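Below, each value reflects all heavy atoms present in this structure, side chains not excepted, and no hydrogens, waters or symmetry copies. Note on naming: letters A, B, ... go to the chains in the order of the sequence lines (proteins, then strands), and numbering restarts at 1 for each one.
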Amino acid sequence: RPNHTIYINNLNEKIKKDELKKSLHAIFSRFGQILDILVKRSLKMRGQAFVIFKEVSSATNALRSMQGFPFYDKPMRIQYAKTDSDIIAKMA
RNA sequence: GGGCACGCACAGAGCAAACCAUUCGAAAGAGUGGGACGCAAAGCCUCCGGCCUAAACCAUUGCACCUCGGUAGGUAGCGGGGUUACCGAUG
Ligand SMILES: Nc1nc2c(ncn2[C@@H]2O[C@@H]3COP(=O)(O)O[C@H]4[C@@H](O)[C@H](n5cnc6c(N)ncnc65)O[C@@H]4COP(=O)(O)O[C@H]3[C@H]2O)c(=O)[nH]1
Ligand SMILES: [Mg+2]
């Protein structure tokens, strides 16, 4: 089920938080405007990220194009987030 | 680690449609060389089904109008099955 937020994993856990945020942005921006990028590095949130897109269409094109895309020597696995981000919920 | 499955990849490799040249073949087809349409077994095997050939050999003087003898050879890149094998996001 499509969503404003794409959930990304199989990411490289050795990339610092800010750098990962930046690059994630820098190549997910082409698909539309990015509300936020929530990244981290704790134990269960390790190696993974949420890119929050302003409208859904942008998240679908993103997932479609860069599924399996190898990123910092690892192939990104992209699904839709199961839940709306607090940002998006908060707008409504 | 092995062995079973799986193909959305990832990371190394492989094969080769059409066309042309050439060889084998009655033919359909096959080999070799060039060459890439695609292929997760498009590696290998006719056991089953399909489709293609049908010259020579044997049977057959037979009244059809849906087609219909044996025999033989093909297609594994038409399936099913059998058998060998790489990768790992996975039951
Ligand atoms: N090593 C491996 N990789 C696999 C396998 N199955 C799937 N994959 C991966 O999924 C890709 C696509 O599989 P496919 O069955 O749809 O298309 C395959 C298939 O159609 C074909 N192909 C490539 N190598 C092949 C081969 N050796 N045998 C048969 N088909 C092959 O081209 C695609 C393979 O490209 P690929 O190597 O970049 O990517 C595979 C590969 O990364 C597999 O059984 N082994
Ligand atoms: Mg060749």
Side-chain angles (χ1 to χ4, degrees):
Chain A
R1 166 162 195 68
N3 191 287
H4 291 77
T5 299
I6 52 176
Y7 174 89
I8 307 169
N9 73 344
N10 193 263
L11 289 176
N12 182 224
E13 310 176 0
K14 292 297 163 183
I15 311 298
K16 296 173 178 295
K17 195 263 219 167
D18 297 319
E19 256 74 51
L20 180 60
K21 279 215 188 191
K22 231 68 176 179
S23 309
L24 270 165
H25 178 75
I27 260 172
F28 274 114
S29 54
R30 242 171 50 201
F31 293 86
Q33 200 186 21
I34 287 171
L35 275 169
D36 201 2
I37 293 192
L38 301 193
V39 144
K40 66 152 163 173
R41 255 289 191 82
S42 73
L43 173 56
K44 283 299 236 199
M45 288 317 291
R46 176 115 39 215
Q48 62 213 279
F50 300 77
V51 183
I52 308 163
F53 284 104
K54 210 138 160 287
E55 51 176 320
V56 175
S57 212
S58 205
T60 272
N61 229 329
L63 178 151
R64 259 194 57 238
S65 296
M66 293 187 150
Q67 185 72 284
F69 193 89
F71 175 72
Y72 283 115
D73 304 291
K74 299 202 65 174
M76 299 176 44
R77 201 195 322 165
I78 318 178
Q79 36 205 302
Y80 297 107
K82 308 176 171 312
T83 270
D84 295 316
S85 305
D86 281 355
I87 267 293
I88 291 279
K90 269 184 179 170
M91 290 173 54

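A Watson-Crick or G-U wobble pair links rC39(B) to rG14(B), both relevant atom distances lying under 3.5 Å. Residues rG69(B) and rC58(B) show canonical Watson-Crick or G-U wobble pairing, with both defining distances under 3.5 Å. A Watson-Crick or G-U wobble pair does not link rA85(B) to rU90(B) when both relevant atom distances must lie under 3.5 Å. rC87(B) and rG7(B) make a Watson-Crick or G-U wobble pair, with both donor-acceptor distances under 3.5 Å. If you check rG29(B) against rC24(B), you find a Watson-Crick or G-U wobble pair, both contacts below 3.5 Å. Nucleotide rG38(B) is annotated as paired to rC15(B) [Watson-Crick or G-U wobble, both distances under 3.5 Å]. With both atom-pair distances required to fall under 3.5 Å, no Watson-Crick or G-U wobble pair links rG73(B) to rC51(B). Pairing check for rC66(B) against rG81(B): the two fail the Watson-Crick or G-U wobble geometry, since the two atom distances are not both under 3.5 Å. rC57(B) and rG70(B) make a Watson-Crick or G-U wobble pair, with both donor-acceptor distances under 3.5 Å.
Base orientation at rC66(B) is anti, since its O4'-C1' glycosidic dihedral falls outside 90° of 0. Classified by its glycosidic torsion, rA27(B) falls in the anti category, the angle being over 90° from 0. The glycosidic torsion of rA59(B) lies within 90° of 0, which places this base in the syn conformation. Applying the 90° criterion around 0 to the glycosidic angle, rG12(B) comes out syn. A glycosidic torsion no more than 90° from 0 defines the syn conformation; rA56(B) lies beyond that range and is anti.
For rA16(B), classification of the furanose by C1'-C2'-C3'-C4' yields a south pucker, on the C2'-endo side. The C1'-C2'-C3'-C4' torsion of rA30(B) is positive, so its sugar falls on the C3'-endo, or north, side. Using the sign of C1'-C2'-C3'-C4' as the criterion, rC87(B) falls on the north side of the pucker cycle. Sugar puckers are classed by the sign of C1'-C2'-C3'-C4'; that of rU46(B) comes out south, on the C2'-endo side. Using the sign of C1'-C2'-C3'-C4' as the criterion, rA54(B) is classed as north-puckered.
Under the 4.5 Å side-chain heavy-atom criterion for ILVMFWY residues, a single connected hydrophobic cluster contains both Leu11(A) and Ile15(A). Note on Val39(A) and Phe71(A): same hydrophobic cluster, where clusters join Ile, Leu, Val, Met, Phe, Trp and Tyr whose side-chain heavy atoms are under 4.5 Å apart, directly or indirectly. Put simply, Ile87(A) and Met45(A) are part of the same group of oily side chains (I, L, V, M, F, W, Y) that touch within less than 4.5 Å, one to the next. Transitive grouping of hydrophobic side chains (ILVMFWY, heavy atoms separated by less than 4.5 Å) brings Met91(A) and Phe50(A) into a common cluster.
Mapping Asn10(A) and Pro70(A) onto RNA chain B by nearest heavy atom places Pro70(A) at the nucleotide closer to the 5' end.
As rounded to whole Å, 20 Å separates atom P of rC10(B) from atom OH of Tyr72(A). Look at CE on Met66(A): it is 21 Å from P on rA89(B), rounded to the nearest Å. Following rounding to the nearest Å, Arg77(A) (CZ) and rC10(B) (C1') show an atom-to-atom distance of 11 Å. Protein atom CZ of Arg64(A) is 14 Å distant from nucleotide atom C1' of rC8(B), rounded to whole Å. Nucleotide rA9(B) holds its P atom 19 Å from the CG atom of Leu11(A), rounded to whole Å. Counting to the nearest Å, the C1' atom of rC8(B) and the CD atom of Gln67(A) are 7 Å from each other. Per the geometry, CG belonging to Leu63(A) stands 15 Å off P belonging to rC8(B), to the nearest Å. If you take OH of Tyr80(A) and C1' of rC8(B), they are 14 Å apart, rounded to a whole angstrom.
Nucleotides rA76(B) and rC44(B) are separated by 9 Å at their P atoms, to the nearest Å. Distance check on atom P: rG43(B) versus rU75(B) gives 16 Å, rounded to whole Å. Look at the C1' atom in both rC37(B) and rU67(B): the space between them is 36 Å, to the nearest Å. Spacing of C1' atoms, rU90(B) relative to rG49(B), comes out at 34 Å, to the nearest Å. Across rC39(B) and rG74(B), the matching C1' atoms stand 22 Å from one another, rounded to whole Å. Comparing the same atom, P, in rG31(B) and in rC45(B) gives a spacing of 10 Å after rounding to whole Å. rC86(B) and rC6(B) have their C1' atoms separated by 15 Å, given to the nearest Å. To the nearest whole angstrom, the two P atoms, one in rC57(B) and one in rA30(B), are 27 Å apart.
In this strand, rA42(B) does not stack on its neighbour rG43(B) by the test of ring centres under 5.5 angstrom and planes under 30 degrees. Both conditions, centre separation below 5.5 angstrom and plane angle below 30 degrees, hold for the six-membered rings of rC52(B) and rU53(B). In this strand, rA55(B) stacks onto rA56(B); the six-membered rings sit under 5.5 Å apart at an angle under 30°. Under the 5.5 Å and 30° stacking definition, the step from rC65(B) to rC66(B) does not qualify as stacked. Neighbours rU75(B) and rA76(B) do not stack on each other, since their six-membered rings do not meet both centres under 5.5 Å apart and planes tilted under 30°.
Between the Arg1(A) side chain and the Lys82(A) main chain, no donor and acceptor come within less than 3.5 Å of each other. A donor-acceptor pair under 3.5 Å is formed between the side chain of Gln67(A) and the backbone N or O of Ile78(A). Counting only distance, with no hydrogens or angles, the side chain of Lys21(A) and the backbone of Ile37(A) share a donor-acceptor pair below 3.5 Å.
In this structure, the ring of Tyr7(A) has its center no less than 6.0 angstrom from the ring center of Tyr80(A).
Under the 4.5 Å side-chain criterion, counting only non-hydrogen atoms from C-beta, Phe31(A) is not in contact with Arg64(A).
Under the Watson-Crick and G-U wobble criteria, each requiring two contacts below 3.5 Å, nucleotide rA11(B) is left unpaired. Across all strands shown, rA76(B) remains unpaired; no Watson-Crick or G-U wobble contact has both distances below 3.5 Å.
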